[PDB]
Amino acid sequence: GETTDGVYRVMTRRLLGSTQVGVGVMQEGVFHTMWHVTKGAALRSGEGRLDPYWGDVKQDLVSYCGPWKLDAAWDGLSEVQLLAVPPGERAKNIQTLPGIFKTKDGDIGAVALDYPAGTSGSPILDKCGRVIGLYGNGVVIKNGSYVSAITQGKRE
Amino acid sequence: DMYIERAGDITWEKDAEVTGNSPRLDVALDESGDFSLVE
Ligand SMILES: c1cc([C@H]2CCCNC2)c2cc[nH]c2c1
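Residues numbered from 1 in each chain as written, not as in the entry; some residues may be left out. Chains lettered and ligands numbered in written order. Heavy atoms only, no water.

- Method of structure determination, per the deposited record: X-ray crystallography was used for this entry, reaching 1.250 Å resolution.

- Per the PDB entry, chain A is named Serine protease NS3, and its organism is Zika virus.

The following block contains the structure:
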(Lines give C-alpha, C1' and ligand atoms only; values in the text may rest on other atoms or scores of the structure.)
Protein backbone atom coordinates (compact mmCIF):
# COMPACT_ATOMS: atom_id res chain seq x y z
CA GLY A 1 0.00 0.00 0.00
CA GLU A 2 0.87 3.69 0.30
CA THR A 3 3.66 4.30 2.80
CA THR A 4 4.47 7.93 1.92
CA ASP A 5 4.77 10.32 4.88
CA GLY A 6 1.70 12.53 5.31
CA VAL A 7 -1.78 12.91 6.72
CA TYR A 8 -4.41 10.23 5.90
CA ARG A 9 -8.15 9.77 6.34
CA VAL A 10 -9.33 6.65 8.21
CA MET A 11 -12.45 5.29 6.48
CA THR A 12 -14.97 2.48 6.86
CA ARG A 13 -17.54 0.91 4.58
CA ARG A 14 -19.38 -0.88 7.50
CA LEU A 15 -21.94 1.95 7.88
CA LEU A 16 -23.92 3.86 5.16
CA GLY A 17 -21.66 4.56 2.13
CA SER A 18 -18.02 5.38 2.94
CA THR A 19 -17.68 7.06 6.33
CA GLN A 20 -14.65 8.91 7.73
CA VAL A 21 -14.10 7.78 11.32
CA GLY A 22 -10.81 9.72 11.80
CA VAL A 23 -7.39 10.81 10.59
CA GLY A 24 -3.77 9.88 11.20
CA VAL A 25 -0.10 10.52 10.47
CA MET A 26 2.30 8.36 8.49
CA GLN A 27 5.91 9.05 9.52
CA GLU A 28 9.03 6.82 9.18
CA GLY A 29 6.82 3.90 8.01
CA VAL A 30 4.57 4.05 11.14
CA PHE A 31 0.89 5.07 11.12
CA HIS A 32 -0.20 7.12 14.18
CA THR A 33 -3.82 7.82 15.22
CA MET A 34 -6.03 8.14 18.31
CA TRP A 35 -7.14 4.89 19.93
CA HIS A 36 -10.83 5.90 19.87
CA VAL A 37 -10.72 6.18 16.02
CA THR A 38 -9.83 2.49 15.41
CA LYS A 39 -10.28 0.81 18.80
CA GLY A 40 -6.99 -1.00 17.99
CA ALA A 41 -8.35 -2.79 14.89
CA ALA A 42 -6.19 -3.67 11.86
CA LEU A 43 -6.22 -1.30 8.87
CA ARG A 44 -5.90 -1.64 5.11
CA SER A 45 -3.78 0.54 2.73
CA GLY A 46 -4.75 -0.59 -0.79
CA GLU A 47 -4.02 -4.34 -0.73
CA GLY A 48 -1.57 -4.06 2.23
CA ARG A 49 -2.47 -4.65 5.89
CA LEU A 50 -1.31 -2.43 8.80
CA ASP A 51 -1.30 -4.24 12.13
CA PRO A 52 -1.37 -2.43 15.55
CA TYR A 53 1.99 -2.33 17.24
CA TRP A 54 1.52 -0.15 20.36
CA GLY A 55 -1.52 1.41 22.03
CA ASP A 56 -2.85 2.90 25.26
CA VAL A 57 -6.47 3.77 26.05
CA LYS A 58 -5.62 6.33 28.76
CA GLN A 59 -3.28 8.29 26.36
CA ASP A 60 -5.90 7.62 23.62
CA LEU A 61 -3.13 6.77 21.12
CA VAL A 62 -2.17 3.86 18.83
CA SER A 63 0.68 3.15 16.35
CA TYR A 64 0.73 0.65 13.45
CA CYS A 65 3.76 -1.12 11.84
CA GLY A 66 6.22 0.10 14.46
CA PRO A 67 6.65 2.11 17.65
CA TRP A 68 5.39 5.69 18.14
CA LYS A 69 7.79 8.04 16.25
CA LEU A 70 6.38 11.55 16.96
CA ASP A 71 8.35 13.37 19.63
CA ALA A 72 8.15 17.11 18.99
CA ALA A 73 6.54 19.18 21.76
CA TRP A 74 4.67 22.52 21.92
CA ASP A 75 7.12 25.23 23.09
CA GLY A 76 4.44 26.76 25.38
CA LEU A 77 4.71 30.21 23.74
CA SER A 78 4.15 30.06 19.99
CA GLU A 79 1.16 29.67 17.69
CA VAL A 80 0.67 26.26 16.11
CA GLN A 81 -1.39 24.93 13.19
CA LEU A 82 -4.04 22.26 13.20
CA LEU A 83 -3.97 20.44 9.84
CA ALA A 84 -7.65 19.63 9.89
CA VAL A 85 -8.92 16.92 7.59
CA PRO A 86 -12.73 17.06 7.97
CA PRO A 87 -14.98 14.36 6.49
CA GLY A 88 -15.59 15.00 2.77
CA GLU A 89 -13.46 18.15 2.78
CA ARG A 90 -9.94 19.20 1.74
CA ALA A 91 -7.10 19.26 4.29
CA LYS A 92 -6.85 22.84 5.65
CA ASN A 93 -4.40 24.51 8.02
CA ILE A 94 -5.80 26.60 10.88
CA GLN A 95 -3.42 28.64 13.01
CA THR A 96 -4.05 29.27 16.73
CA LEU A 97 -2.36 30.01 20.07
CA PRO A 98 -2.95 27.01 22.37
CA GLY A 99 -4.46 27.27 25.81
CA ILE A 100 -3.48 24.87 28.59
CA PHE A 101 -5.04 21.88 30.36
CA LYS A 102 -3.69 21.95 33.95
CA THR A 103 -3.77 18.46 35.54
CA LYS A 104 -2.57 16.93 38.86
CA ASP A 105 0.28 15.37 36.77
CA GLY A 106 1.34 18.47 34.86
CA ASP A 107 0.24 20.85 32.12
CA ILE A 108 -0.60 20.02 28.46
CA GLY A 109 -1.24 22.40 25.53
CA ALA A 110 -4.83 22.52 24.22
CA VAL A 111 -6.48 23.92 21.09
CA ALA A 112 -9.90 25.61 21.12
CA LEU A 113 -11.02 24.53 17.65
CA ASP A 114 -14.26 22.63 16.94
CA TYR A 115 -14.47 20.18 14.09
CA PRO A 116 -16.67 17.08 13.37
CA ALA A 117 -15.75 13.92 15.34
CA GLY A 118 -14.33 12.21 12.21
CA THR A 119 -11.55 14.90 12.23
CA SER A 120 -10.01 13.12 15.31
CA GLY A 121 -6.36 12.17 14.71
CA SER A 122 -5.63 15.33 12.66
CA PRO A 123 -2.09 16.55 13.43
CA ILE A 124 -1.10 19.74 15.24
CA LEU A 125 2.20 21.16 13.94
CA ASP A 126 4.89 23.63 14.92
CA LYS A 127 6.56 26.20 12.60
CA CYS A 128 9.03 23.60 11.36
CA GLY A 129 6.18 21.28 10.30
CA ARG A 130 6.93 18.83 13.15
CA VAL A 131 3.90 17.03 14.59
CA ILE A 132 3.52 18.09 18.27
CA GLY A 133 0.43 15.97 18.89
CA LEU A 134 -2.94 14.80 17.56
CA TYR A 135 -6.36 16.52 17.87
CA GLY A 136 -9.54 14.92 19.15
CA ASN A 137 -9.42 14.04 22.85
CA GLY A 138 -10.79 16.91 24.90
CA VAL A 139 -13.62 18.53 26.83
CA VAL A 140 -16.71 20.77 26.45
CA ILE A 141 -16.33 23.96 28.66
CA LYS A 142 -18.90 26.41 30.36
CA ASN A 143 -19.84 28.14 26.98
CA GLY A 144 -20.54 24.77 25.36
CA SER A 145 -17.29 25.25 23.34
CA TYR A 146 -14.98 22.24 22.57
CA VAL A 147 -11.27 22.29 23.46
CA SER A 148 -8.91 19.42 22.46
CA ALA A 149 -5.72 18.42 24.26
CA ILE A 150 -2.56 18.43 22.13
CA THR A 151 -2.04 14.67 22.69
CA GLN A 152 1.55 13.46 22.11
CA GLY A 153 3.07 10.02 22.71
CA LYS A 154 6.56 8.99 23.83
CA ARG A 155 9.26 7.91 21.36
CA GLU A 156 10.99 4.94 23.08
CA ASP B 1 -13.07 -3.00 7.75
CA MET B 2 -11.07 0.19 7.98
CA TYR B 3 -8.83 1.62 5.31
CA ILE B 4 -6.62 4.68 4.88
CA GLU B 5 -6.42 7.29 2.06
CA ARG B 6 -3.74 10.01 1.76
CA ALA B 7 -5.04 13.56 2.22
CA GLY B 8 -1.88 15.72 2.14
CA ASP B 9 1.63 16.66 3.16
CA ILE B 10 2.22 17.85 6.73
CA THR B 11 3.56 21.36 6.35
CA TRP B 12 3.15 24.78 7.92
CA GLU B 13 1.09 27.17 5.70
CA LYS B 14 2.20 30.84 5.63
CA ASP B 15 -0.73 33.26 6.12
CA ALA B 16 -3.11 30.41 7.08
CA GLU B 17 -6.50 31.46 8.59
CA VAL B 18 -6.00 32.31 12.31
CA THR B 19 -8.71 31.64 14.93
CA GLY B 20 -9.51 30.22 18.37
CA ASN B 21 -8.96 31.39 21.91
CA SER B 22 -6.43 30.07 24.50
CA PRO B 23 -8.26 28.92 27.62
CA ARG B 24 -6.39 27.85 30.76
CA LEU B 25 -8.53 25.02 32.30
CA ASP B 26 -8.17 22.71 35.31
CA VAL B 27 -8.95 19.17 34.06
CA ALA B 28 -8.83 15.53 35.19
CA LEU B 29 -8.00 12.49 33.04
CA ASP B 30 -9.61 9.18 34.00
CA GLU B 31 -8.51 5.58 33.38
CA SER B 32 -10.76 5.44 30.29
CA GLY B 33 -8.86 8.34 28.64
CA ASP B 34 -11.70 10.85 29.16
CA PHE B 35 -10.94 14.42 30.23
CA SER B 36 -13.35 16.24 32.55
CA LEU B 37 -13.42 19.82 33.89
CA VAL B 38 -12.43 20.24 37.55
CA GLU B 39 -14.31 23.13 39.22
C1 LIG C 1 -13.09 15.60 18.11
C2 LIG C 1 -13.43 14.41 18.73
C3 LIG C 1 -14.69 14.20 19.27
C4 LIG C 1 -15.04 12.81 19.81
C5 LIG C 1 -14.03 12.29 20.84
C6 LIG C 1 -14.54 11.04 21.55
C7 LIG C 1 -15.85 11.32 22.28
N8 LIG C 1 -16.56 12.51 21.74
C9 LIG C 1 -16.49 12.58 20.28
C10 LIG C 1 -15.63 15.25 19.24
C11 LIG C 1 -16.95 15.46 19.77
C12 LIG C 1 -17.30 16.73 19.47
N13 LIG C 1 -16.30 17.34 18.76
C14 LIG C 1 -15.25 16.46 18.61
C15 LIG C 1 -14.01 16.63 18.03
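## Re the domain arrangement of chain A
All names here are of chain A.
Logical step 1: Domain annotation for chain A reports domain 1 (6-64) and domain 2 (80-149).
Logical step 2: Domain 1 and domain 2 are separated by 18 Å when their C-alpha centres are compared.
Logical step 3: Taken together, the 15 residues of domain 1 in the interface contact 19 residues of domain 2.
Logical step 4: Of all residues in domain 1, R9, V23 and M34 bury the most surface against domain 2, accounting for 39% of the area lost on that side.
Logical step 5: The tally of links between domain 1 and domain 2 comes to zero salt bridges.
Logical step 6: Across the domain 1-domain 2 interface, the total number found is seven residue pairs in polar contact.
Logical step 7: Looking at the side of domain 1 that touches domain 2, the elements that each hand over two or more residues are strand 1 (6-12), strand 2 (19-27), strand 3 (30-33) and helix 1 (35-38).
Logical step 8: Here the side of domain 1 that touches domain 2 takes six residues from strand 2, the largest share from any one element.
Logical step 9: A class-by-class count of the residues in the side of domain 1 that touches domain 2 yields seven nonpolar, six polar and two charged. (Domains from an automatic or database assignment. Contact = heavy atoms within 4.5 Å. Buried area = accessible area lost by both parts, 1.4 Å probe. Salt bridge = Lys/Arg side-chain N within 4 Å of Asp/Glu carboxyl O. Polar contact = N/O pair within 3.5 Å; in protein donor to acceptor, adjacent residues only side chain to side chain. Helix = DSSP H or I, 4+ residues; strand = E, 2+ residues; numbered from the N terminus. Nonpolar A, V, L, I, M, F, W, Y, C, P; charged D, E, K, R; others polar.)

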